[PDB]
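Residue numbers (the deposited numbering), protein chains in the order written: chain C, 1 to 66; chain B, 1 to 66; chain A, 1 to 66; chain F, 1 to 65; chain E, 1 to 66; chain D, 1 to 66.
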Amino acid sequence: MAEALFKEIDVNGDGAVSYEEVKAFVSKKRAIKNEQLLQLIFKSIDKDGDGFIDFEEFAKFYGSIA
Amino acid sequence: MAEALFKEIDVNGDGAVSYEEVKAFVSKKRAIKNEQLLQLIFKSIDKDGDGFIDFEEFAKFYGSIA
Amino acid sequence: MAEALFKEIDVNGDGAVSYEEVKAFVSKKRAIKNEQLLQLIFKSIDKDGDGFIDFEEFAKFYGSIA
Amino acid sequence: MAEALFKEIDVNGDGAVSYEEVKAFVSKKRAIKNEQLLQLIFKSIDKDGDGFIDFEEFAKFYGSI
Amino acid sequence: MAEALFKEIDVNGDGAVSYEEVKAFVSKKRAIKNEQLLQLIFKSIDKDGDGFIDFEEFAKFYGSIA
Amino acid sequence: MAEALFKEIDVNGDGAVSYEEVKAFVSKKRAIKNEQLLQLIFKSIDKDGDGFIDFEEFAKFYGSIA
Ligand SMILES: [Ca+2]
Ligand SMILES: [Ca+2]
Ligand SMILES: [Ca+2]
Ligand SMILES: [Ca+2]
Ligand SMILES: [Ca+2]
Ligand SMILES: [Ca+2]
Ligand SMILES: [Ca+2]
Ligand SMILES: [Ca+2]
Ligand SMILES: [Ca+2]
Ligand SMILES: [Ca+2]
Ligand SMILES: [Ca+2]
Ligand SMILES: [Ca+2]
Ligand SMILES: [Ca+2]
C-alpha cells in the first residue's frame, strides 16, 4: 500500500522522501532480497534441517547442479 | 579524444594506467551510471521539482506502476 | 571435486558448513570471478605484459573497438 | 497485500499459481520495468517533448552519458 | 583436467572448440541454471508438493519475507 | 563518434531518432556487447590464432581459473 511504503522510506518521518532516503531504501531492499535468496538456497541443501551442511548433504547438492 | 579518455583513467598522471586504476575506473563508471539512472527516476517522481518526494507524488508514482 | 570444495568452504575446519561459511564463500567466489574477468581483459590490452597499459597500448585497444 | 499480489500472478483466476504463471509473471514484470525505464530515458533526452531525438538533443545527451 | 568439459563443448568431435560451440554451451548452461534456480524457489513455496502455489502457501511465503 | 552513432540509430534515415528506433538499437547494442565480450575471452584462449580452441589451449585456460 502506497502509505506504508512511504513511511518506511521516510526514515526521519518528516513527510518528505529525500534522494538520500530513496538511495538508502533501494540498497536496503536489494540486501534483504539477496539474504532471503541465500537462506532459501541454504535451507534447500540442509536436508535434515539442523542448521549446517554436512559433507553428504553437500555432495548431493553438488552432483545435482547438472 | 584518445588522450582524454586515457587521462580520465590515469588518475595519478604518470602516463600509465595500472591495474588498480582500471578497477577503480570500472567502479566509478558503474557508480555514475547507477546515480544517473536513480536521479532520473527520482526527478520523474518529483513532479513539482522541489527536490523532495511528497506523499502525493509518491501515490501517483505507486499507482501508475502497479 | 566435491571433497576439496567442501574443505575450501569449511574455513574453520570443523567438518560442517555453516550458513556464515556459505555467505563468506559466495562473496569470495563472486569477487574472484570479477577479478578473473577484469584481469583477462587487462592482459589482453597490456600487450607487453608489464602490468600497466601505456598510451600506445591504450590507443591500439581504443583504435580497434570496430 | 498478499491477495492483490496473488490475484495478479494468478492470470487465469483459478485460485492456483502454476509454475508457468510464476515464470510469466517474472518475465512480464521484468519487461514492464525495462520499458518504463527506457521511456524515462527517452523523455529525458527529448527536451522539446516532440517525440523525437534530434542530433542537437542527442549531442547534449552524449555530453553527460 | 578439463577433458570432460572440453569434450562436452566439442559437439562435432573434431578436437576443436569453435566460437559457436562455446556460445551454444554458455547459453545452454545459463538456461539450465536460471531454470534450476526458479524451480528451487517454486518448490520452496509449494509446501504440499502438488505443483501449484495455493493462496495459503503464498501468504505464508509473502508473510515470511517481512 | 556521435554522428556515426546517431546515423546508426536513425535506421530509417529521416534525421530524427524515434522511440522505436531507440528500442531497436538498445536490443541490438546489448547483443553486440555480449558477443564482443565472449569474443575477447575466446581470442585470449586461442593462443595460436587459428580461430579454434584446441585441448592444450583450453587446459591452460581452465587451469588458470580453477
Ligand atoms: Ca524524510
Ligand atoms: Ca544438515
Ligand atoms: Ca597512472
Ligand atoms: Ca516534490
Ligand atoms: Ca513543494
Ligand atoms: Ca565449518
Ligand atoms: Ca604494458
Ligand atoms: Ca492460476
Ligand atoms: Ca525532440
Ligand atoms: Ca568442435
Ligand atoms: Ca501446493
Ligand atoms: Ca529516424
Ligand atoms: Ca587455437
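Virtual Cβ for every residue (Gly too), placed ideally from N, Cα, C.
Sequence-distant Cβ neighbours of A:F55 in its own chain, meaning closer than 8 Å and more than five residues away, do not exist here.
In the same chain as A:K43, and ignoring 5 residues on each side of it, the C-beta atoms closer than 8 Å to its own belong to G49, in chain order.
Secondary structure of A:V22 (DSSP, three-state): helix. Checking the 7 Å criterion, the Cβ of D:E21 is within range of a heavy atom belonging to ligand 12. Look at E:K29: its C-beta is not under 8 Å from any C-beta on chain D.
Between F:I45 and F:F61, the C-beta spacing is below 8 Å. Residue-level contact by beta carbon fails for F:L38 and chain B, as no gap is shorter than 8 Å.
At a cut-off of 8 Å between beta carbons, C:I53 makes no contact with chain E. With a cut-off of 7 Å, the C-beta of B:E57 is classified as near ligand 4, since at least one heavy atom of the ligand falls inside that distance. Interface residue (Cβ-Cβ distance to chain E less than 8 Å): D:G49 is not classified as such. With its beta carbon less than 8 Å from one in chain F, E:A59 belongs to the interface. For a cut-off of 8 Å, the C-beta gap from D:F52 to E:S18 is around 6 Å, short enough to register as a contact.
Less than 8 Å divides the Cβ of C:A2 from the Cβ of B:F58. B:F52: not part of any beta strand (DSSP E); DSSP gives it neither H nor E. Its Cα nearest to that of B:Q36, the residue F:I41 stands out among F:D10, F:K7, F:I41. For D:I65, the closest Cβ of chain A is nearer than 8 Å.
Within chain A, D54, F55 have C-beta atoms less than 8 Å from the C-beta of B:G15, given in sequence order. Under the Cβ distance rule, F:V11 does not count among the residues neighbouring chain E, no pair being separated by less than 8 Å.
Beta-carbon to beta-carbon, D:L38 and E:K33 are separated by about 17 Å, too far to satisfy the 8 Å threshold.
Assignment of beta-bridge partners to F:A16 by DSSP yields E:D54. In this structure, E:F6 has its beta carbon at no less than 7 Å from each heavy atom of ligand 2. Contact of E:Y62 with chain F is assigned, a C-beta pair being separated by under 8 Å. For E:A59, the secondary structure class from DSSP, reduced to helix, strand or coil, is helix. Using a Cβ-Cβ cut-off of 8 Å, E:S44 counts as an interface residue toward chain C, since at least one Cβ of chain C sits closer than that to its own. The beta carbon of C:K47 sits closer than 8 Å to those of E57, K60, all from its chain and outside the five residues before and after it, given in chain order.
DSSP places A:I41 in the helix class (H, G or I) of the three-state scheme. Classified as buried, E:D10 has 16 or more neighbouring CB atoms from the shown chains inside 10 Å of its CB. Residue burial is scored here from C-beta neighbours: F:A4 has fewer than 16 other C-beta atoms within 10 angstroms and is therefore classed as exposed. For F:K7, the enclosing alpha helix (DSSP H) starts and ends at 2–9.
Look at B:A16: its beta carbon is less than 7 Å from one of the heavy atoms in ligand 3. When the five nearest sequence neighbours on each side are left out, the beta carbons in the same chain lying within less than 7 Å of the beta carbon of B:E21 are those of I9, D10, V11, in order along the chain. Set against 7 Å, the gap from the CB of B:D48 to the closest heavy atom of ligand 5 is smaller.
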